[PDB]
Structure formats: C-alpha cells, structure tokens
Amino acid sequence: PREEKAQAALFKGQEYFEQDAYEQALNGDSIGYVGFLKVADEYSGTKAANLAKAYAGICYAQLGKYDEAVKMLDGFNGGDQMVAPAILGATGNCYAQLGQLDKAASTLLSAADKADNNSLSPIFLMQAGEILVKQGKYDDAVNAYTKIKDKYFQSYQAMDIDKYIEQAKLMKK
C-alpha cells in the first residue's frame, strides 16, 4: 500500500503539470499537494517516486533551471518506447541550453536510437542534426538526417528532410 499512497500524493501534481503550472507541480501548493520533490523523497522506492523525478526534471527545464533539470532527469529510470527516450531527449536539450553541444548531440542521438520509432526518433535526429551543423560537423549532420530519410520515411519530418541534407552537403564546400 506504499505505492497506492504515493500515487494518491502524486495525481494533483500531474494535473498542475498538464496545465503548465510548473512551480506548484514542483514545490507543491499550500492546500495539501506537496510537490514532486517531496513525493520522490517521502515515497522513495515506489514507481510514483521514479515518475516524480521525470516530472520534476521537466518542471525545472520549463522554469529555466537547466542544471537542476539535468540532475533530476538523470534520476529517472525507465525503458519503455516513449517516456524514457523523451526524458533522455529532454536531457540533451537541457545540455544544449547550457552550451554543452557535444554532449547534447550524443544524448539526442542516443534518445533517437532508444526510441526507434516514427513519433520520437525524427524529432531527436533533427535536433542532433542542427547542433552538428552549428558545430561544423557536416558529415555527421548528413548521417543524422539521412537516418530520418532511410529509417523513418513515414514520419512527418521525412516529407521535408531533403532540404536539410542538401544544405549540409553544400556547406562542406
């Protein structure tokens, strides 16, 4: 019944989070909801506390606290198709916010390989490709973008991908 109590302590934060009310999702309201930080401490060991770390990491990033975001997102442990790669992708995007571009690109490429699907992999591959172009790493960008064209051809991004490949090829010069 520890999981049951943890889940009841979490659901109000899931409502705030969905309404973009990140401060109250993270630190609690004053009317009975304690916030994601206190859920993860009070009910550690439960699935609810593992989830709370993913939610809290996104809260920190939406609030502009990217260092805290990275530390919190790393605490999430999961291996599903959707949430875990998106959380890893969010970590790479926070690295980009901090100027750690090498770490951002490899994290995003990793998130794309972990997701391996049309809904998420192309999002992370595009973001990795744009960072690799900013670094002057044109062949690596072409490889990220070509992966969208080759493996994720049914995705929305594959409709538009050729202009990105061509631009990166033309910058080799």
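From 1 onward, residues are counted along the sequence shown.
The question of which stretch, 85 to 93 or 67 to 75, has the higher mean Cα B factor is settled in favour of 67 to 75. In the PDB entry, a CA B factor belonging to the highest third of its chain's modelled residues is recorded for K137.
Among all modelled residues in its chain, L37 ranks in the middle third by Cα B-factor. Sorting the modelled residues of the chain by their CA temperature factor places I148 in the middle third. The entry lists a Cα temperature factor for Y22 that places it in the highest third of the chain's modelled residues. When all modelled residues of the chain are sorted by CA temperature factor, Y156 is found within the highest third.
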